[PDB]
């Protein structure tokens, strides 16, 4: 019965960057679907912990800098120690730096690439090793962007990193699908989170964007709950290496 395929009871999901915004939404969604949650954040995600534990699920809160690739194994080991296994990885921890491309600093390049693509590859590798050890497959959900498809402006390292995310998602699937590992990505559209706060404070810019969203509204963290559960579940077993836009029709227009 197909509805059972979406049920994540007994599963363990590790989500990086789930104190706020989109990551918090995905953590709560996965928990509502039955997952126990391992968070990796720079600060204790108090609100997310409250919401997850209110569902009767467990939350293991790890505090770490995801850009430090030497630390990833330890994060996964803690998760495996508590729950016995890790089944789902959501590589949501990311940053953005805005600066004219002609002036763009090496720091704004390195900081963004280090987190948005390098740490994503290496955390995926770390968790995939654990999936292979367990022998029961696994799910990796990367977070792409509209700037995986379009160039944008003033964010060269962001566009580079997010375009790279879409590419490496393909390669990871190619190599690991044979182990029952599904590596896919979600490309959120224009979502009303802290990352579009400047844009939305400008009435004229805000309307310019909104009028180009067919759905006629901004995305919210809630909009990623269903897509993330879907991609984390057996309901999407023959989807692999693919980026799904959750954009209210942005790319369609």
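Residue numbers count along the first chain shown, from 1.
Legend: mean Cα B-factor per stretch from the PDB entry, 7-15 versus 231-239; the higher mean is in 7-15. On average the C-alpha atoms of 96-104 have higher B-factors than those of the other stretch, with 96-104 and 178-186 being the two compared. Across the options 34, 56, 221, 39, the residue with the most elevated CA B-factor in the record is 56.
Remark: residue 162 belongs to the lowest third of its chain, ranked by C-alpha B-factor as recorded. Residue 1: CA B factor in the highest third of modelled residues in this chain (values from the PDB entry).
Per the PDB record, residue ranking by Cα B-factor puts residue 81 in the highest third of the chain.
Ranked within its chain, residue 153 lands in the highest third, by CA B factor from the PDB record.
In the PDB entry, residue 136 places in the highest third of its chain by CA B-factor.
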